[PDB]
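For reference, input.cif (mmCIF, C-alpha atoms):
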data_coords
#
loop_
_atom_site.label_atom_id
_atom_site.label_comp_id
_atom_site.auth_asym_id
_atom_site.auth_seq_id
_atom_site.Cartn_x
_atom_site.Cartn_y
_atom_site.Cartn_z
CA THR A 1 118.30 70.11 119.41
CA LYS A 2 119.26 72.49 116.65
CA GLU A 3 117.16 74.53 114.25
CA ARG A 4 116.45 73.00 110.83
CA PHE A 5 115.36 74.71 107.63
CA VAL A 6 113.64 74.70 104.24
CA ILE A 7 114.90 77.38 101.86
CA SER A 8 112.52 78.50 99.13
CA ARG A 9 114.55 79.92 96.25
CA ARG A 10 112.76 81.24 93.15
CA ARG A 11 113.55 84.10 90.80
CA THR A 12 110.93 83.91 88.10
CA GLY A 13 107.43 85.35 87.85
CA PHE A 14 105.52 85.81 91.06
CA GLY A 15 102.95 83.07 90.31
CA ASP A 16 105.70 80.47 90.18
CA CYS A 17 107.52 81.97 93.14
CA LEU A 18 104.40 81.98 95.33
CA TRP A 19 103.20 78.46 94.30
CA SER A 20 106.75 77.13 94.86
CA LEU A 21 106.74 78.92 98.23
CA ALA A 22 103.53 77.10 99.22
CA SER A 23 105.31 73.79 98.51
CA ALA A 24 108.34 74.68 100.63
CA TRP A 25 106.00 75.95 103.40
CA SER A 26 104.07 72.69 103.42
CA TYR A 27 107.23 70.60 103.91
CA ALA A 28 108.48 72.99 106.64
CA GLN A 29 105.15 72.60 108.45
CA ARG A 30 105.10 68.81 108.16
CA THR A 31 108.67 68.43 109.42
CA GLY A 32 109.10 71.18 112.05
CA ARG A 33 111.49 73.35 110.07
CA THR A 34 111.97 77.07 109.71
CA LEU A 35 111.04 78.49 106.28
CA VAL A 36 113.47 80.82 104.59
CA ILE A 37 112.14 82.90 101.64
CA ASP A 38 115.20 83.50 99.43
CA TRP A 39 114.34 85.68 96.46
CA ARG A 40 117.93 86.85 95.83
CA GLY A 41 118.48 87.20 92.09
CA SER A 42 114.82 87.88 91.24
CA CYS A 43 114.13 88.97 87.67
CA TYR A 44 112.66 92.14 89.13
CA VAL A 45 115.58 93.27 91.30
CA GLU A 46 118.78 94.59 89.69
CA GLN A 47 121.02 94.01 92.72
CA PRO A 48 121.86 90.27 92.70
CA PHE A 49 122.30 89.71 96.46
CA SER A 50 119.28 91.69 97.68
CA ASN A 51 116.41 89.49 98.85
CA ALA A 52 113.50 90.63 96.69
CA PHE A 53 110.74 89.43 99.01
CA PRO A 54 110.68 92.66 101.17
CA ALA A 55 110.68 94.82 98.09
CA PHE A 56 107.13 93.64 97.36
CA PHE A 57 105.71 92.15 100.58
CA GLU A 58 105.62 93.19 104.21
CA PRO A 59 107.87 91.49 106.78
CA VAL A 60 106.56 88.12 107.89
CA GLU A 61 107.99 86.08 110.80
CA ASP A 62 105.34 83.32 110.90
CA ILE A 63 103.00 81.70 108.37
CA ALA A 64 100.38 79.59 110.02
CA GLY A 65 102.70 78.32 112.77
CA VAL A 66 105.85 77.98 110.70
CA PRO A 67 108.64 80.41 111.60
CA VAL A 68 109.84 82.47 108.60
CA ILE A 69 113.03 84.30 107.64
CA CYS A 70 112.24 86.53 104.66
CA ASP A 71 114.86 89.24 104.52
CA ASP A 72 118.54 90.12 104.21
CA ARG A 73 119.47 87.73 107.04
CA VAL A 74 119.92 85.22 104.18
CA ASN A 75 123.24 87.08 103.59
CA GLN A 76 124.35 86.73 107.23
CA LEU A 77 123.16 83.31 108.44
CA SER A 78 124.93 80.05 107.67
CA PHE A 79 122.19 77.49 107.14
CA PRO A 80 123.42 74.11 108.43
CA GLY A 81 124.32 71.02 106.50
CA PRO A 82 124.01 68.37 105.56
CA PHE A 83 121.87 69.50 102.66
CA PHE A 84 119.18 67.97 100.45
CA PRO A 85 119.11 67.68 97.49
CA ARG A 86 122.56 66.07 97.68
CA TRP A 87 123.99 68.43 95.03
CA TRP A 88 124.03 71.16 97.66
CA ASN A 89 126.72 69.30 99.62
CA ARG A 90 129.21 69.76 96.71
CA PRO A 91 132.04 72.25 97.03
CA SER A 92 131.12 75.74 95.82
CA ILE A 93 133.49 75.53 92.82
CA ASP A 94 131.53 72.44 91.74
CA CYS A 95 128.24 74.31 92.01
CA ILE A 96 129.09 76.99 89.39
CA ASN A 97 127.60 74.64 86.73
CA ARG A 98 123.84 74.42 87.39
CA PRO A 99 122.18 73.33 84.13
CA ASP A 100 118.48 72.78 83.60
CA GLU A 101 118.95 68.98 83.75
CA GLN A 102 120.19 69.35 87.35
CA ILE A 103 117.38 71.74 88.34
CA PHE A 104 114.84 69.25 86.90
CA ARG A 105 116.48 66.36 88.77
CA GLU A 106 116.08 68.35 91.96
CA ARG A 107 112.41 69.04 91.29
CA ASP A 108 111.97 65.30 91.03
CA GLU A 109 114.10 64.55 94.10
CA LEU A 110 112.12 67.06 96.16
CA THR A 111 108.82 65.67 94.85
CA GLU A 112 109.81 62.16 96.02
CA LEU A 113 110.95 63.57 99.37
CA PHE A 114 107.68 65.44 99.90
CA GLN A 115 105.75 62.20 99.26
CA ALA A 116 107.97 60.02 101.51
CA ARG A 117 106.91 58.89 105.01
CA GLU A 118 110.13 59.86 106.74
CA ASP A 119 111.64 63.32 107.14
CA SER A 120 114.98 63.89 105.48
CA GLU A 121 118.00 63.66 107.79
CA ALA A 122 119.37 66.81 106.09
CA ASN A 123 119.37 69.85 108.33
CA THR A 124 118.59 72.24 105.43
CA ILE A 125 116.37 71.44 102.43
CA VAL A 126 117.27 73.75 99.54
CA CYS A 127 114.38 74.24 97.14
CA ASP A 128 115.77 75.76 93.93
CA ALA A 129 113.51 74.39 91.21
CA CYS A 130 109.89 74.79 90.14
CA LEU A 131 107.57 73.36 92.79
CA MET A 132 104.32 74.20 91.07
CA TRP A 133 101.77 71.42 91.72
CA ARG A 134 103.86 69.95 94.59
CA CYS A 135 101.46 70.91 97.36
CA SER A 136 97.82 71.15 98.18
CA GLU A 137 95.55 73.91 97.01
CA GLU A 138 95.08 74.73 100.69
CA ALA A 139 98.79 75.40 101.07
CA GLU A 140 98.60 77.80 98.11
CA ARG A 141 95.62 79.66 99.60
CA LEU A 142 97.37 79.86 102.97
CA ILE A 143 100.33 81.66 101.41
CA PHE A 144 98.10 84.24 99.67
CA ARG A 145 96.21 84.90 102.88
CA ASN A 146 99.28 85.18 105.12
CA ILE A 147 101.65 87.47 103.32
CA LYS A 148 100.70 91.07 102.60
CA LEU A 149 101.63 93.28 99.66
CA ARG A 150 103.50 96.48 100.44
CA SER A 151 101.10 99.37 101.13
CA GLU A 152 102.17 101.28 98.00
CA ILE A 153 101.09 98.39 95.88
CA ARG A 154 97.83 97.85 97.82
CA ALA A 155 96.92 101.51 97.36
CA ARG A 156 97.25 101.19 93.63
CA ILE A 157 95.08 98.05 93.58
CA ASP A 158 92.49 99.77 95.82
CA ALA A 159 92.30 102.87 93.60
CA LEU A 160 91.97 100.75 90.45
CA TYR A 161 89.27 98.57 92.02
CA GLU A 162 87.20 101.63 92.95
CA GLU A 163 87.78 103.21 89.54
CA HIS A 164 86.85 100.20 87.32
CA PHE A 165 85.72 97.10 89.28
CA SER A 166 83.21 98.47 91.81
CA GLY A 167 79.67 98.38 90.48
CA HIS A 168 80.65 96.10 87.61
CA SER A 169 81.14 92.47 86.60
CA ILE A 170 84.66 92.19 85.25
CA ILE A 171 85.91 89.69 82.74
CA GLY A 172 89.67 89.39 83.25
CA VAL A 173 91.87 88.35 80.34
CA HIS A 174 95.53 87.34 80.64
CA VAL A 175 97.37 87.07 77.34
CA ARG A 176 100.98 86.01 77.60
CA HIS A 177 103.13 85.85 74.52
CA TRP A 178 102.13 86.40 60.76
CA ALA A 179 99.87 83.29 60.94
CA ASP A 180 100.53 82.38 64.57
CA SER A 181 99.84 85.88 65.91
CA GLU A 182 96.63 86.16 63.88
CA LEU A 183 95.34 82.81 65.08
CA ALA A 184 96.22 83.70 68.68
CA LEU A 185 94.43 87.03 68.49
CA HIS A 186 91.44 85.26 66.93
CA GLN A 187 91.44 82.70 69.76
CA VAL A 188 91.50 85.40 72.40
CA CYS A 189 88.62 87.09 70.69
CA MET A 190 86.64 83.84 70.65
CA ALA A 191 87.29 83.43 74.40
CA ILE A 192 86.14 86.99 75.09
CA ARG A 193 82.95 86.50 73.04
CA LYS A 194 82.26 83.28 75.03
CA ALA A 195 82.80 85.04 78.33
CA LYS A 196 80.62 88.00 77.32
CA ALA A 197 77.70 85.71 76.36
CA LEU A 198 77.46 84.47 80.01
CA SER A 199 75.08 86.26 82.39
CA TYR A 200 76.42 88.65 84.99
CA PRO A 201 74.69 90.59 87.80
CA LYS A 202 76.32 93.97 87.02
CA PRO A 203 77.39 95.79 83.83
CA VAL A 204 80.33 94.10 82.19
CA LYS A 205 83.79 95.43 81.48
CA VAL A 206 86.91 93.61 80.18
CA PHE A 207 90.20 93.87 82.15
CA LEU A 208 93.13 93.06 79.94
CA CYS A 209 96.55 91.98 81.28
CA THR A 210 99.09 91.59 78.49
CA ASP A 211 102.76 92.30 77.90
CA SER A 212 102.02 93.32 74.27
CA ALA A 213 101.03 96.90 73.29
CA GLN A 214 99.74 95.53 70.00
CA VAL A 215 97.41 93.03 71.71
CA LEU A 216 96.15 95.77 74.02
CA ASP A 217 95.42 98.08 71.03
CA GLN A 218 93.74 95.31 69.05
CA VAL A 219 91.59 93.85 71.80
CA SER A 220 90.63 97.38 72.88
CA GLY A 221 89.51 98.17 69.32
CA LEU A 222 87.50 94.93 69.03
CA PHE A 223 85.36 95.08 72.24
CA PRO A 224 83.75 97.77 74.25
CA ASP A 225 84.76 98.68 77.77
CA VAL A 226 88.28 97.25 77.69
CA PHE A 227 90.75 98.65 80.20
CA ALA A 228 94.23 97.89 81.51
CA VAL A 229 96.49 99.23 84.18
CA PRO A 230 98.59 102.03 82.69
CA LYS A 231 102.36 101.40 82.44
CA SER A 232 116.73 100.71 85.58
CA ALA A 233 116.59 99.25 89.10
CA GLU A 234 113.51 101.44 89.68
CA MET A 235 111.96 100.12 86.45
CA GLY A 236 112.54 96.45 87.56
CA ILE A 237 110.66 97.15 90.76
CA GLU A 238 107.99 98.92 88.80
CA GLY A 239 107.73 95.85 86.54
CA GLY A 240 107.27 93.69 89.64
CA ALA A 241 104.67 95.95 91.13
CA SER A 242 102.80 96.03 87.83
CA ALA A 243 102.79 92.25 87.67
CA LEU A 244 101.42 91.95 91.19
CA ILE A 245 98.75 94.57 90.62
CA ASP A 246 97.49 92.63 87.58
CA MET A 247 97.71 89.21 89.36
CA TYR A 248 95.70 90.41 92.36
CA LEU A 249 93.11 92.34 90.33
CA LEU A 250 92.54 89.30 88.11
CA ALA A 251 91.53 87.43 91.28
CA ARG A 252 88.72 89.99 91.78
CA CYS A 253 87.08 89.29 88.42
CA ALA A 254 83.86 87.42 87.79
CA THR A 255 85.28 85.41 84.96
CA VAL A 256 88.94 84.95 84.00
CA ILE A 257 90.29 83.90 80.62
CA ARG A 258 93.69 82.15 80.94
CA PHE A 259 95.72 82.41 77.75
CA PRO A 260 97.52 80.03 78.43
CA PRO A 261 96.08 78.09 81.44
CA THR A 262 99.61 76.77 82.08
CA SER A 263 100.70 80.21 83.30
CA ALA A 264 101.03 80.49 87.06
CA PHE A 265 100.26 84.27 86.59
CA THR A 266 96.57 83.39 86.77
CA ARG A 267 96.81 80.64 89.40
CA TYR A 268 95.64 83.05 92.19
CA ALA A 269 92.66 83.99 89.97
CA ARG A 270 91.98 80.28 89.26
CA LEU A 271 91.77 79.67 93.05
CA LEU A 272 89.30 82.53 93.68
CA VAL A 273 87.25 83.51 90.62
CA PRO A 274 83.81 82.01 90.01
CA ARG A 275 84.37 81.01 86.36
CA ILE A 276 87.47 80.27 84.31
CA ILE A 277 87.63 80.05 80.49
CA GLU A 278 90.52 78.48 78.64
CA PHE A 279 91.46 76.46 75.58
CA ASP A 280 91.68 72.80 76.63
CA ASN A 281 90.39 69.27 72.93
CA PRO A 282 92.65 71.85 71.27
CA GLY A 283 90.99 74.70 69.37
CA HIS A 284 88.01 74.22 71.72
CA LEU A 285 87.18 76.48 74.66
CA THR A 286 86.12 75.10 78.00
CA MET A 287 84.60 76.72 81.05
CA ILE A 288 85.23 75.68 84.61
CA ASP A 289 82.93 76.59 87.50
CA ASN A 290 84.91 77.07 90.68
CA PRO A 291 85.62 74.48 92.26
#
Since I need it in another form, could you write the structure as structure tokens?
Amino acid sequence: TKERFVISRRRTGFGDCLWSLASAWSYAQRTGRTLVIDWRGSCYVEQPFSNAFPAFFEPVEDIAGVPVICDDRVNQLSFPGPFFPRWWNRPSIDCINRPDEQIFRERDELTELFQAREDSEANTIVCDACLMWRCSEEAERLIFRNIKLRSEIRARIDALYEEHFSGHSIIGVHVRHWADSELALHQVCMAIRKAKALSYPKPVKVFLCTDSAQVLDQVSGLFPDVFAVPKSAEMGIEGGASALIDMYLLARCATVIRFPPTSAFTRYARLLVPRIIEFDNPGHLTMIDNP
């Protein structure tokens, strides 16, 4: 009997990476495979063959009973064929072309596999597409609970929590992005007003997570008590750490505004925070009590 594998490959924002990881983990658990976390080529790491996972998280060799390889051994080990999806059996020269249509086909092929009664005969499942929504919420929570941020990142979160969150009820706001910008800023303001009109047990502050300096300046000038975390290889890692700090602090808020709710950036917060506000029909705000 020989070892068999599921490789979780993802290189995008951490919300997507970690949700897609939960999906790979769930299939590895169901089928008695080893899980390989392969974050080579991450948007946050300049060096293309370095596995980014250890740059942000502590070593992990097991997640809830599933053995894990999470480090540079991906560059030494030869994971065994045959492979699924079937594309991965093609010669390497034929794998240079990897268009979005093929990645989407593999999402669908993996989705069907994960729903099928029988385990694949392939010795290695290669997951190299978006696997958001292709697992249970429990699988997602298990991943967050069973990997640990690097201590340097945790210390920053801890200091920020003490400095702004402790003693207070925090409304977290994630804003990812002429007439369009004005309407979007207006919509964000409407969401903040809605959130602020709810009752909270402690004095309220607004935690803003945005990639735009202009949004930060505007929202800060429109509401009281708005704060944000202050902010080339080294600067990619710093971008990653900054993202994680915001993602994890959002999950500590009393209410979170998801602009948009399709962003996996706020999925961790959606799982944990008591109340979620978002535009959902369109132009209209909704509030969701957790669950």
Subject >> Residue nearest residue 63 in chain A - candidates A:145, A:2, A:40, A:105, atoms counted: all atoms listed in the file >> reply: A:145
Original post:
Quick one: distance from CA of residue 66 in chain A to CA of residue 109 in chain A in Å, one decimal?
Top reply: 22.9 Å
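When all atoms listed in the file are used to measure the gap to residue 74 in chain A, the shortest distance among A:53, A:58, A:20, A:107 belongs to A:53.
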**OP:** Tell me which of A:55, A:245, A:132, A:6 sits closest to residue 37 in chain A, counting all atoms listed in the file.
**Re:** A:6
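Shortest separation to residue 73 in chain A among A:38, A:246, A:278, A:217 occurs at residue A:38, atoms counted being all atoms listed in the file.
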**OP:** Run through the PyMOL selection byres ((chain A and resi 267) around 10) on the given coordinates and return the selected residues as a ChimeraX atom specification.
**Re:** /A:15-16,18-19,140,247,250-251,258,261-266,268-272
Original post:
Excluding same-chain residues fewer than 2 positions from residue 167 in chain A, what lies within 12 Å of it counting only C-alpha atoms, as a PyMOL selection string?
Top reply: chain A and resi 161-165+169-170+200-205+253
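Distance check against residue 146 in chain A using all atoms listed in the file: of A:191, A:209, A:103, A:68, the minimum falls on A:68.
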Which residues come within 9 Å of residue 50 in chain A, counting only C-alpha atoms, excluding same-chain residues fewer than 3 positions away, as an mmCIF file with C-alpha atoms, in the coordinates of the input?
data_model
loop_
_atom_site.group_PDB
_atom_site.id
_atom_site.type_symbol
_atom_site.label_atom_id
_atom_site.label_comp_id
_atom_site.auth_asym_id
_atom_site.auth_seq_id
_atom_site.Cartn_x
_atom_site.Cartn_y
_atom_site.Cartn_z
ATOM 1 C CA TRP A 39 114.340 85.680 96.460
ATOM 2 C CA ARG A 40 117.930 86.850 95.830
ATOM 3 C CA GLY A 41 118.480 87.200 92.090
ATOM 4 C CA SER A 42 114.820 87.880 91.240
ATOM 5 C CA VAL A 45 115.580 93.270 91.300
ATOM 6 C CA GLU A 46 118.780 94.590 89.690
ATOM 7 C CA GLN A 47 121.020 94.010 92.720
ATOM 8 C CA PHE A 53 110.740 89.430 99.010
ATOM 9 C CA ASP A 71 114.860 89.240 104.520
ATOM 10 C CA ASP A 72 118.540 90.120 104.210
ATOM 11 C CA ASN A 75 123.240 87.080 103.590
#
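Relative to CA of residue 224 in chain A, CA of residue 178 in chain A is found at 25.5 Å.
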**OP:** Could you tell me which residues the PyMOL selection byres ((chain A and resi 88-100) around 12) grabs in this file, written as a VMD selection string?
**Re:** chain A and resid 7 79 to 87 101 to 107 122 to 130
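Here the PyMOL selection byres ((chain A and resi 151) around 12) matches the residues residues 54, 55, 56, 57, 58, 59, 148, 149, 150, 152, 153, 154, 155, 156, 157, 158, 241 and 245 of chain A.
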Around all listed atoms of range 243-247 of chain A, padded 5 Å per side, what centre and edge lengths does the axis-aligned box have in Å to one decimal, as lines of an AutoDock Vina configuration file?
center_x = 100.1
center_y = 91.9
center_z = 89.4
size_x = 15.3
size_y = 15.4
size_z = 13.6
**OP:** Rank A:3, A:211, A:280, A:225 by their smallest atom-to-atom distance to residue 31 in chain A, using only C-alpha atoms, and report the top residue only.
**Re:**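 Once distances to residue 31 in chain A are computed over only C-alpha atoms, the minimum belongs to A:3.
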Using the incomplete input, complete range 32-51 of chain A to the level of N, CA, C and O atoms; output as a short mmCIF file (atom, residue, chain, number, x, y, z; two decimals), in the frame of the given file.
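In the end it all went to selection-v2.cif:
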data_model
loop_
_atom_site.label_atom_id
_atom_site.label_comp_id
_atom_site.auth_asym_id
_atom_site.auth_seq_id
_atom_site.Cartn_x
_atom_site.Cartn_y
_atom_site.Cartn_z
N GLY A 32 108.63 70.36 110.94
CA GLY A 32 109.10 71.18 112.05
C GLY A 32 110.34 71.96 111.71
O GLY A 32 111.26 72.05 112.53
N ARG A 33 110.35 72.54 110.52
CA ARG A 33 111.49 73.35 110.07
C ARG A 33 111.10 74.81 109.94
O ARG A 33 109.94 75.15 109.69
N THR A 34 112.13 75.66 109.96
CA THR A 34 111.97 77.07 109.71
C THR A 34 112.00 77.28 108.21
O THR A 34 112.84 76.74 107.51
N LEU A 35 111.10 78.13 107.69
CA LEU A 35 111.04 78.49 106.28
C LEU A 35 111.78 79.77 105.98
O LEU A 35 111.61 80.78 106.65
N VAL A 36 112.70 79.69 105.03
CA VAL A 36 113.47 80.82 104.59
C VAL A 36 113.01 81.17 103.16
O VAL A 36 112.99 80.32 102.25
N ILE A 37 112.58 82.41 102.95
CA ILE A 37 112.14 82.90 101.64
C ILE A 37 113.34 83.62 101.04
O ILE A 37 113.76 84.66 101.55
N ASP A 38 113.93 83.01 100.03
CA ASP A 38 115.20 83.50 99.43
C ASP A 38 114.98 83.88 97.98
O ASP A 38 115.05 83.05 97.05
N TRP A 39 114.59 85.13 97.78
CA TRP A 39 114.34 85.68 96.46
C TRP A 39 115.50 86.55 95.97
O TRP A 39 115.34 87.44 95.15
N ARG A 40 116.72 86.27 96.43
CA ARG A 40 117.93 86.85 95.83
C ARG A 40 118.02 86.47 94.38
O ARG A 40 117.78 85.32 94.03
N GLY A 41 118.34 87.43 93.55
CA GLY A 41 118.48 87.20 92.09
C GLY A 41 117.18 87.19 91.30
O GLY A 41 117.16 86.83 90.10
N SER A 42 116.10 87.67 91.93
CA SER A 42 114.82 87.88 91.24
C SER A 42 115.00 88.65 89.94
O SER A 42 115.78 89.59 89.81
N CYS A 43 114.21 88.25 88.94
CA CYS A 43 114.13 88.97 87.67
C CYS A 43 113.73 90.43 87.81
O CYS A 43 113.94 91.23 86.90
N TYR A 44 113.14 90.78 88.95
CA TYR A 44 112.66 92.14 89.13
C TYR A 44 113.63 93.03 89.90
O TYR A 44 113.41 94.23 90.00
N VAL A 45 114.67 92.47 90.48
CA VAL A 45 115.58 93.27 91.30
C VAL A 45 116.97 93.26 90.66
O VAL A 45 117.57 92.18 90.50
N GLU A 46 117.51 94.44 90.38
CA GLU A 46 118.78 94.59 89.69
C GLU A 46 119.97 94.09 90.53
O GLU A 46 120.89 93.47 90.03
N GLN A 47 119.91 94.32 91.83
CA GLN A 47 121.02 94.01 92.72
C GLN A 47 120.98 92.50 93.05
O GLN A 47 120.05 92.04 93.69
N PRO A 48 122.02 91.71 92.67
CA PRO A 48 121.86 90.27 92.70
C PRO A 48 121.82 89.60 94.08
O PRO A 48 121.39 88.44 94.21
N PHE A 49 122.26 90.31 95.12
CA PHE A 49 122.30 89.71 96.46
C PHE A 49 121.22 90.26 97.39
O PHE A 49 121.13 89.85 98.54
N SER A 50 120.36 91.14 96.89
CA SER A 50 119.28 91.69 97.68
C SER A 50 118.12 90.71 97.66
O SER A 50 117.69 90.26 96.57
N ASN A 51 117.55 90.38 98.84
CA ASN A 51 116.41 89.49 98.85
C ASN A 51 115.19 90.26 98.39
O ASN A 51 114.86 91.24 99.01
#
